[PDB]
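Take a look at this single chain, the form deposited in one PDB entry, given in structure tokens.
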């Protein structure tokens, strides 16, 4: 069977759709990231989960398109605006997801906001 999404079993990949958010005098997608492969999972807030790294949200919009649509903090973005956000540096990701040129983007995050997964890190 030709499965089109990228959901395995435990993690669910879900789509997000951020519409243009004007913050002050900039245009932002609302959310912020922590970084992907350019970061060290041995000391990362949301990459302590997967050593496979990837760009994840560290903050979303305080009340904007990110949280409005369905983008949550911690959720790793694997797909942004048909560009694939999987395996990209913080720098390159920033210059795509928080760039001010684009208004609305079709994103896909893999919910890592799970349980049983995401090793305790002595916090759990």
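Positions refer to the first chain, counted from 1.
One more form of this protein should be noted, the form deposited with a partner chain bound, which is absent from this view; the next part is about it.
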| property | result |
| --- | --- |
| Contact label in the bound PDB entry: residue 81 to the partner chain, heavy atom within 4.5 Å | no |
| Partner contact for residue 34 in the bound PDB entry: the partner chain, 4.5 angstroms, heavy atom | yes |
| Interface membership of residue 72, the partner chain in the bound PDB entry, 4.5 Å heavy atom rule | no |
